[PDB]
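Okay, query39.txt now, which holds compact mmCIF, C-alpha atoms:
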# COMPACT_ATOMS: atom_id res chain seq x y z
CA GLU A 1 0.00 0.00 0.00
CA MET A 2 2.82 2.42 0.82
CA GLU A 3 4.58 1.78 -2.50
CA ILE A 4 1.33 2.15 -4.45
CA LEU A 5 0.55 5.40 -2.63
CA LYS A 6 4.04 6.72 -3.40
CA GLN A 7 3.54 5.89 -7.08
CA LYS A 8 0.17 7.65 -7.01
CA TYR A 9 1.73 10.77 -5.49
CA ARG A 10 4.49 10.72 -8.12
CA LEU A 11 1.86 10.50 -10.86
CA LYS A 12 -0.15 13.33 -9.28
CA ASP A 13 2.96 15.53 -9.20
CA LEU A 14 3.65 14.63 -12.84
CA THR A 15 0.09 15.63 -13.72
CA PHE A 16 0.37 18.99 -11.95
CA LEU A 17 3.71 19.77 -13.59
CA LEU A 18 2.25 18.79 -16.96
CA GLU A 19 -0.64 21.23 -16.49
CA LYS A 20 1.83 23.99 -15.65
CA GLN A 21 4.02 23.09 -18.64
CA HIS A 22 1.02 23.03 -20.99
CA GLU A 23 -0.05 26.46 -19.74
CA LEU A 24 3.47 27.80 -20.33
CA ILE A 25 3.57 26.39 -23.88
CA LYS A 26 0.14 27.86 -24.62
CA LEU A 27 1.51 31.21 -23.43
CA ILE A 28 4.52 30.76 -25.72
CA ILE A 29 2.23 30.22 -28.71
CA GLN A 30 0.04 33.15 -27.65
CA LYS A 31 2.87 35.65 -27.22
CA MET A 32 5.42 34.63 -29.87
CA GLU A 33 5.54 36.74 -33.03
CA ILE A 34 5.61 35.45 -36.60
CA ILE A 35 6.88 37.60 -39.47
CA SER A 36 7.78 34.97 -42.12
CA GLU A 37 4.88 32.48 -42.24
CA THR A 38 1.93 34.84 -42.11
CA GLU A 39 0.20 32.90 -44.92
CA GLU B 1 -8.36 -3.06 -8.49
CA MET B 2 -9.80 0.42 -7.85
CA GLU B 3 -6.37 1.89 -7.08
CA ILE B 4 -4.82 0.24 -10.15
CA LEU B 5 -7.66 1.54 -12.34
CA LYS B 6 -7.19 5.05 -10.94
CA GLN B 7 -3.47 4.87 -11.74
CA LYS B 8 -4.30 3.67 -15.26
CA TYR B 9 -6.69 6.59 -15.79
CA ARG B 10 -4.06 9.03 -14.51
CA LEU B 11 -1.54 7.58 -16.96
CA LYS B 12 -4.07 7.77 -19.81
CA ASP B 13 -4.71 11.44 -19.02
CA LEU B 14 -0.95 12.06 -18.92
CA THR B 15 -0.64 10.40 -22.34
CA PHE B 16 -3.41 12.53 -23.86
CA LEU B 17 -1.96 15.74 -22.44
CA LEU B 18 1.47 14.72 -23.75
CA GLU B 19 0.07 14.25 -27.26
CA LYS B 20 -1.51 17.70 -27.09
CA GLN B 21 1.71 19.24 -25.76
CA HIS B 22 3.79 17.55 -28.47
CA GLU B 23 1.42 18.88 -31.14
CA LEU B 24 1.71 22.39 -29.69
CA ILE B 25 5.52 22.22 -29.65
CA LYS B 26 5.56 20.95 -33.23
CA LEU B 27 3.39 23.94 -34.13
CA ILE B 28 5.85 26.23 -32.32
CA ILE B 29 8.73 24.85 -34.39
CA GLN B 30 6.65 25.08 -37.57
CA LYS B 31 5.56 28.69 -37.10
CA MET B 32 8.52 30.33 -35.34
CA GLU B 33 10.80 32.49 -37.48
CA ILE B 34 14.60 32.39 -37.55
CA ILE B 35 16.65 35.32 -38.83
CA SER B 36 20.06 34.70 -37.19
CA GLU B 37 20.86 30.99 -37.64
CA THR B 38 19.80 30.49 -41.24
CA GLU B 39 23.00 28.51 -41.95
CA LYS C 1 21.05 22.42 -49.44
CA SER C 2 20.91 22.36 -45.64
CA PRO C 3 18.20 25.08 -45.33
CA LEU C 4 15.91 23.12 -47.66
CA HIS C 5 16.40 19.96 -45.60
CA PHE C 6 15.71 21.87 -42.37
CA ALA C 7 12.58 23.52 -43.76
CA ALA C 8 11.19 20.25 -45.15
CA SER C 9 12.02 18.44 -41.91
CA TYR C 10 9.93 20.72 -39.67
CA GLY C 11 7.11 21.72 -42.03
CA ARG C 12 8.20 25.28 -42.84
CA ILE C 13 6.09 25.42 -45.99
CA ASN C 14 6.68 29.12 -46.70
CA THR C 15 10.47 28.69 -46.72
CA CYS C 16 10.22 25.66 -49.02
CA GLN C 17 7.93 27.52 -51.42
CA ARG C 18 10.14 30.62 -51.50
CA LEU C 19 13.31 28.54 -51.93
CA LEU C 20 12.19 26.00 -54.55
CA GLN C 21 10.58 28.64 -56.81
CA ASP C 22 13.93 30.03 -58.01
CA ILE C 23 14.54 27.54 -60.84
CA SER C 24 12.57 24.88 -62.71
CA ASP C 25 15.52 22.56 -63.39
CA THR C 26 14.76 20.59 -60.19
CA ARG C 27 18.31 19.90 -59.01
CA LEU C 28 17.66 20.33 -55.26
CA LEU C 29 14.71 18.07 -54.43
CA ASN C 30 16.59 14.93 -55.56
CA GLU C 31 19.50 14.80 -53.12
CA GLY C 32 20.43 13.04 -49.90
CA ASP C 33 22.20 14.83 -47.04
CA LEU C 34 23.82 11.86 -45.26
Render the structure in this file as structure tokens.
Amino acid sequence: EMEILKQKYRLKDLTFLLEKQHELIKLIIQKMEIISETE
Amino acid sequence: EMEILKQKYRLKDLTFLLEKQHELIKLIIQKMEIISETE
Amino acid sequence: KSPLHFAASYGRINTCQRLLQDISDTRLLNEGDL
């Protein structure tokens, strides 16, 4: 039970960090500027 | 079984978010402009 | 040579279009960089 709970906490931390990373990448796409491929 | 199924759902959500993040990063590489290192 | 490979590798369609439109002899598309 202790090992399974530790794995679950590791996965929860991975999930939280992935949400933060996804938000940061969305910000990168939102704020970056494009001057060559403007279609 | 319930704990294992919860872990499996967490991993599935991580996988889906990783696909979305990879697509966003591929878009970033596709749309970003480079004026210094054009080789 | 290298810029065309880089643009085609990462889907930079505008660069490929503006680079391959120079000549119609088609000497760049048929090459292998390593």
Sorted per-residue table, chain C near chain B, closest atoms and distance, 7 Å, all atoms listed in the file, as a Markdown table:
| residue | atom | partner | partner_atom | distance |
| --- | --- | --- | --- | --- |
| C:3 | CA | B:39 | CA | 6.8 |
| C:10 | CA | B:30 | CA | 5.8 |
| C:11 | CA | B:30 | CA | 5.6 |
| C:12 | CA | B:30 | CA | 5.5 |
Worksheet item: If I put a ball of radius 8 Å at (4.1, 30.5, -48.2) in the file's coordinates, which residues poke into it when counting all atoms listed in the file, written as a ChimeraX atom specification?
Response: /A:37-39 /C:13-18
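Contacts from chain A to chain B at a cut-off of 9 Å (all atoms listed in the file) map to residues 4, 5, 7, 8, 11, 12, 14, 15, 18, 19, 21, 22, 25, 26, 28, 29, 32, 33, 34, 35, 36, 37 and 38 of chain A.
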Resulting file, chosen residues, C-alpha atoms, as an mmCIF file, keeping the file's coordinate frame:
data_model
loop_
_atom_site.group_PDB
_atom_site.id
_atom_site.type_symbol
_atom_site.label_atom_id
_atom_site.label_comp_id
_atom_site.auth_asym_id
_atom_site.auth_seq_id
_atom_site.Cartn_x
_atom_site.Cartn_y
_atom_site.Cartn_z
ATOM 1 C CA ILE A 4 1.330 2.150 -4.450
ATOM 2 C CA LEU A 5 0.550 5.400 -2.630
ATOM 3 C CA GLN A 7 3.540 5.890 -7.080
ATOM 4 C CA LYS A 8 0.170 7.650 -7.010
ATOM 5 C CA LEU A 11 1.860 10.500 -10.860
ATOM 6 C CA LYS A 12 -0.150 13.330 -9.280
ATOM 7 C CA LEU A 14 3.650 14.630 -12.840
ATOM 8 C CA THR A 15 0.090 15.630 -13.720
ATOM 9 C CA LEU A 18 2.250 18.790 -16.960
ATOM 10 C CA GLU A 19 -0.640 21.230 -16.490
ATOM 11 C CA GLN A 21 4.020 23.090 -18.640
ATOM 12 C CA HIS A 22 1.020 23.030 -20.990
ATOM 13 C CA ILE A 25 3.570 26.390 -23.880
ATOM 14 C CA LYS A 26 0.140 27.860 -24.620
ATOM 15 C CA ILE A 28 4.520 30.760 -25.720
ATOM 16 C CA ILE A 29 2.230 30.220 -28.710
ATOM 17 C CA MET A 32 5.420 34.630 -29.870
ATOM 18 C CA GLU A 33 5.540 36.740 -33.030
ATOM 19 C CA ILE A 34 5.610 35.450 -36.600
ATOM 20 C CA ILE A 35 6.880 37.600 -39.470
ATOM 21 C CA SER A 36 7.780 34.970 -42.120
ATOM 22 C CA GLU A 37 4.880 32.480 -42.240
ATOM 23 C CA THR A 38 1.930 34.840 -42.110
#
Discussion item. Could you tell me how far atom CA of residue 19 of chain C sits from atom CA of residue 5 of chain C, in Å to one decimal place?
Written reply: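 Distance between the two atoms: 11.1 Å.
From atom CA of residue 23 of chain B back to atom CA of residue 6 of chain C, the distance works out to 18.4 Å.
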Item to complete: Using atom CA of residue 2 of chain C and atom CA of residue 33 of chain C as the two end points, give the distance in Å to one decimal.
Response: 7.8 Å
Worksheet item: Contacts of residue 32 of chain C at 12 Å or less, counting all atoms listed in the file, minus same-chain residues fewer than 3 places along, as JSON, numbers by chain?
Response: {"C": [1, 2, 4, 5, 27, 28, 29]}
To test the calculation: enclose all listed atoms of segment 2-19 of chain C in a box whose edges run along x, y and z, add 4 Å on each side, then state centre and edge lengths in Å to one decimal, as JSON.
{"center_x": 13.5, "center_y": 24.5, "center_z": -45.8, "size_x": 22.8, "size_y": 20.2, "size_z": 20.3}
